[PDB]
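Values below: every heavy atom of this structure, side chains too, minus hydrogens, waters and symmetry copies. Quick note on labels: first sequence line is chain A, next is B, and so on, each numbered from 1. Start at 1 and go down the list; that is how both ligands and their atoms are numbered.
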There are 2 protein chains.
Amino acid sequence: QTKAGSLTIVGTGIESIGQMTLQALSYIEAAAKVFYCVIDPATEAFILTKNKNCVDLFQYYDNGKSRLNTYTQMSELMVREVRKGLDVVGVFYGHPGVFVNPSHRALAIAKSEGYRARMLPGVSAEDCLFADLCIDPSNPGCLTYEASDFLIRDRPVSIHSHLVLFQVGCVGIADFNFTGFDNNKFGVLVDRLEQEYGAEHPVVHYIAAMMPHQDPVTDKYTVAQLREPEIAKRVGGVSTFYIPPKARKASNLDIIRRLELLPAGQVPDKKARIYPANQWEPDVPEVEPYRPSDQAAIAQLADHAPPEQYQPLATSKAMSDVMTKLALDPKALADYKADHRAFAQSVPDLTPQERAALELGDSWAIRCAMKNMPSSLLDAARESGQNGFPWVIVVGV
Amino acid sequence: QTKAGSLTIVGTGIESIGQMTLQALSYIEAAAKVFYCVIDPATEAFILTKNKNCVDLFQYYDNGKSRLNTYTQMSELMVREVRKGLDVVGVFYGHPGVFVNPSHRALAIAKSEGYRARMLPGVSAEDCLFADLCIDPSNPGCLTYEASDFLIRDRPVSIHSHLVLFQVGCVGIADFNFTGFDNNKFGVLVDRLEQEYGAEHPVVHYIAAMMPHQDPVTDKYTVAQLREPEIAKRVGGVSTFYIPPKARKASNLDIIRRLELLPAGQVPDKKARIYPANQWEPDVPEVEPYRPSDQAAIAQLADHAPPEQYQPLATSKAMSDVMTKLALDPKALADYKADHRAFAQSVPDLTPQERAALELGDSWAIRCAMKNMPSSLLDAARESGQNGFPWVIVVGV
Ligand SMILES: Nc1ncnc2c1ncn2[C@@H]1O[C@H](CSCC[C@H](N)C(=O)O)[C@@H](O)[C@H]1O
Ligand SMILES: Nc1ncnc2c1ncn2[C@@H]1O[C@H](CSCC[C@H](N)C(=O)O)[C@@H](O)[C@H]1O
Ligand SMILES: O=C(O)CN(CCN(CC(=O)O)CC(=O)O)CC(=O)O
Ligand SMILES: [Mg+2]
Ligand SMILES: [Mg+2]
Ligand SMILES: [Mg+2]
Ligand SMILES: [Mg+2]
């Protein structure tokens with residue numbers, strides 16, 4: 001049925017220790033063997049306190065050694081231990097599948113040979129970028145590329161959307177050196193940005209803080225300023241560029257008609273923007289945070305009561321404790337998945353409904369047991385024909 | 001100098017409890033007041049065990065009430081408490097700035113009025129998508145849009161890169177209903193996908209697991225199949241689409257020359273792919289994981305030793321403990337930032353070098369204190385002219 005051995009690949013996030021997820025920590029602690037690739041030493045020291053059997057993958061880089069040969073070796077070290085029947089965890093900084101080769105290789109090999117294989121997501125450098133630069137990828141869309149790939153494959157830009165470029169400090173480099181990369185082809189990237197955006201358009205040099213007390217680098221330059229030797233020298237191995245839009249894109253009349261966004265009149269202007277505006281975009285006008293409509297909405301707070309169809313939390317200590325244990329104890333989760341009914345029978349202090357919900361394991365049953373559903377909602381809701389009960393959208397266009 | 005009151009906005013991730021970051025948890029526990037917007041009840045119950053003063057923001061939605069008026073109210077509830085001098089935490093599921101309006105509004109208002117304001121990144125639905133579908137945004141680039149915005153602004157697609165569309169279950173809808181959205185304009189999205197990709201191109205319906213024991217939905221359909229009523233009905237409020245590339249893009253000869261990727265010969269073919277290949281892409285041929293070059297690299301593992309310029313961890317329990325405390329205790333971090341020297345003096349058992357590094361607070365000093373730097377590296381490295389010491393790149397194109 002199920003052969004011995006598994007591979008779980010997890011992330012640490014970017015900022016030391018704090019940006020690791022609770023589940024990444026729990027799998028590191030439970031593992032028989034840990035392999036890791038991180039930048040900062042505080043995160044390294046933290047990992048070594050959590051498991052007695054760790055190996056640093058960074059020792060498999062070398063001067064003039066092809067990165068592809070290093071990545072083949074990193075992946076094989078992990079899969080060898082999986083073949084021996086061990087529960088193996090690989091750890092990469094940030095998100096372990098965002099701009100990472102050996103994680104995807106090791107997982108695909110493990111899966112093809114019939115072992116359990118999973119990647120757990122983490123916080124990427126792009127996630128940090130959205131938080132520190134105060135932008136949302138939804139407004140007005142986001143394009144993300146590797147800088148060398150961007151140039152070699154002539155990947156398209158959209159002047160109306162966000163652009164994010166990773167690896168701007170090693171344009172055209174296939175190998176490794178411990179002292180760092182000589183970024184002498186950086187001018188080729190700058191020529192492309194001049195062609196697409198113009199010499200006076202802004203580019204933001206972004207470096208997320210790796211230690212908890214440090215501030216991020218968020219330095220705006222013109223495309224032309226990147227040609228200056230003193231500025232170009234600041235771009236290194238953990239540098240990312242953000243290039244904001246040049247203009248606002250107009251609406252399509254045919255789509256406005258078919259989606260019925262009309263009172264036989266007209267919608268707002270393409271530059272009638274929702275507060276707040278993108279502060280990096282050139283010549284962006286100031287947007288009013290408290291318009292008359294905003295003021296009227298705030299005035300309604302005084303007499304507000306929860307709507308009749310709102311579903312209040314109504315659970316117990318015993319149920320909350322078991323759901324927390326399933327999220328934070330990998331051994332308990334494996335036991336539950338192997339036999340829902342046996343596991344559910346063994347949990348003390350659960351109510352009859354709570355016990356029945358765990359026996360089934362269905363999402364809607366568990367939700368039903370933990371939230372009170374009013375009669376007004378169920379009379380209008382249409383339950384059978386959950387799939388159609390989680391509706392929490394927090395943005396509008 | 002510094003007025004009373006602060007706003008910190010944090011995320012919970014997508015999968016219940018486990019995908020919260022260690023720092024998000026620590027700020028929730030330290031807060032004077034917590035405001036939250038989450039989908040699953042186990043995460044809600046968990047938050048309420050961590051702070052005694054919480055408010056559910058979901059109660060400010062209502063039937064036929066504009067989402068913009070709800071978002072104005074959500075933001076004002078948070079900022080009102082900041083103005084009173086309290087340390088306030090707002091909590092949104094996933095990443096709190098990815099497809100979220102009220103977080104960016106509240107933070108911008110707080111910052112403009114002179115209060116401390118910060119967003120901490122979290123794990124988004126797109127982060128989960130990369131992990132569960134086994135793709136990397138770097139290969140071959142990624143475009144991300146809101147589905148209604150995609151249609152109304154006629155946003156461009158690239159047939160050679162990844163495409164991700166959020167909010168495919170509420171095409172054209174500006175308001176709210178507790179029983180869910182009537183997605184009767186879904187056919188308009190399908191027409192656009194047919195125009196761009198063709199009727200037989202794959203589309204993956206993705207729903208990340210929200211509870212720890214459930215599997216994700218990863219269902220492939222043709223564009224044509226989305227017109228069938230039984231399939232269209234499965235798309236809801238937590239549905240995202242992934243559309244894989246149609247073809248491989250060729251290399252630019254001028255860039256190959258200027259980056260010097262030539263031995264007076266030729267590079268690999270545009271479909272000479274690195275293992276593993278994208279399994280969702282149509283008519284993708286099978287790629288060999290163990291080529292002769294892979295086999296030779298693995299053979300070198302037997303006689304491997306760490307290179308002479310490798311930097312081993314060399315720290316102490318006292319130093320590791322303080323760096324962990326700064327990441328996990330917001331009060332300790334604030335104390336350290338207010339007076340580096342006073343804080344550093346008060347930590348017992350630190351060595352002279354460790355103590356001096358904390359007094360300074362500079363990244364390179366702390367790194368120097370925790371890692372042994374060999375003489376071979378420093379003779380070639382060029383320290384002064386760290387910025388140019390973190391070089392850990394884990395992918396090649
Ligand atoms: N502290 C930091 N700030 C900004 N970008 C960073 C960074 N650390 C790494 N990067 C980006 O990531 C590239 C290395 S690739 C590894 C990325 C990592 N898995 C992640 O999830 O983000 C760098 O060249 C840079 O573009
Ligand atoms: N469990 C899930 N699986 C896939 N997509 C999801 C999801 N939950 C939310 N989404 C996506 O997010 C949209 C709501 S917008 C909020 C997104 C959230 N802040 C995040 O970081 O991901 C949904 O319409 C859907 O496109
Ligand atoms: O050639 C294409 O197909 C790509 N663009 C063509 C126009 N490109 C060129 C560019 O990036 O400048 C975008 C544009 O400028 O309109 C249209 C499309 O999305 O299919
Ligand atoms: Mg993690
Ligand atoms: Mg253009
Ligand atoms: Mg979080
Ligand atoms: Mg096209």
Q) Which of these, A/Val238, A/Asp40, A/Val235, A/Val217, has its nearest heavy atom closest to atom 6 (C) of ligand 1? A) A/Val238

Q. Can we say B/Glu281 and B/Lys246 salt-bridge, meaning some charged N sits less than 4.0 Å from an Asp/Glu carboxylate O?
A. no

Q) Can you find an N/O atom of A/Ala208 closer than 3.5 Å to an N/O atom of ligand 1? A) yes

Q) What atoms of ligand 1 come closer than 4.0 angstrom to any heavy atom of A/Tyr206? A) 4 (C)

**Q.** Heavy-atom check, side chain of A/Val34 versus side chain of A/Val91, under 4.5 Å
**A.** yes

Q.
Evaluate A/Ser124 for polar contact with ligand 1, using N/O atom pairs at a separation under 3.5 Å.
A. no

Q: Name the option, out of B/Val394, A/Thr240, A/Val164, A/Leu165, that contains the heavy atom nearest to atom 25 (C) of ligand 1.
A: A/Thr240

Q | Proximal atoms of ligand 1 relative to A/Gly94 (non-hydrogen, under 4.0 Å) | A | 21 (O)

Q. Counting from 1, what ligand 1 atoms have a heavy atom of A/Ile14 closer than 4.0 Å?
A. 1 (N)

(Q) What protein heavy atom lies closest to atom 12 (O) of ligand 1? Include the residue and the distance to one decimal. (A) A/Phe166 CD2, 3.4 Å

Q: May I ask whether A/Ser239 has any heavy atom positioned less than 4.0 angstrom from an atom of ligand 1?
A: yes

Q | Min N/O separation A/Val98 to ligand 1 under 3.5 Å | A | yes

Q. A/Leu22 versus A/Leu328: any side-chain heavy-atom pair under 4.5 Å?
A. yes

Q. Numbering the atoms of ligand 1 from 1, which are under 4.0 Å from a heavy atom of A/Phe99?
A. 15 (S), 16 (C)

Q. Starting from atom 9 (C) of ligand 1, which protein heavy atom do you reach first, and at what distance in Å?
A. A/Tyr93 CE1, 3.9 Å

Q) Less than 4.0 Å between a side-chain N and a carboxylate O, is that true for A/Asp40 and B/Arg367? A) no

Q. Any side-chain heavy-atom pair from A/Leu129 and A/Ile135 closer than 4.5 angstrom?
A. yes

Q) With under 30° as parallel and over 60° as perpendicular, where do the rings of A/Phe58 and A/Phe178 fit, or are they tilted in between? A) perpendicular

Q. Any N or O on A/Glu126 sitting closer than 3.5 Å to an N or O of ligand 1?
A. no

**Q.** B/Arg192 charged N/C atom sitting above B/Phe150 aromatic ring, 6.0 Å / 45°
**A.** yes

(Q) Just to check, does A/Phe92 reach to within less than 4.0 Å of ligand 1 when the distance is taken from its heavy atoms? (A) no

Q.
Taking the ring centre of each residue, are A/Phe176 and A/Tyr61 less than 6.0 Å apart?
A. yes

Q.
Are there over 12 heavy-atom neighbours, none belonging to A/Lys325, within less than 6.0 Å of that residue's NZ?
A. no

Q | Contact atoms of ligand 1, heavy-atom distance to A/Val100 under 4.0 Å | A | 19 (N)

Q.
Give me the residue, atom name and distance of the protein heavy atom closest to atom 21 (O) of ligand 1.
A. A/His95 N, 3.0 Å

Q) Salt bridge check: are A/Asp149 and A/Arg155 linked by an N-O gap of less than 4.0 Å? A) yes

Q) Does ligand 1 have an atom under 4.0 Å from some heavy atom of B/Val395? A) no

Q. What is the closest protein heavy atom to atom 22 (O) of ligand 1, and at what distance does it sit?
A. A/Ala125 N, 2.9 Å

Q) Can the ring centroids of A/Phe166 and A/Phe99 be said to lie less than 6.0 angstrom from one another? A) yes

(Q) Please list the nearest protein heavy atom to atom 23 (C) of ligand 1 with its residue and the distance rounded to 0.1 Å. (A) A/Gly237 O, 3.4 Å

Q) For B/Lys271, does the NZ atom sit with more than 12 other heavy atoms under 6.0 Å from it, leaving out its own atoms? A) no

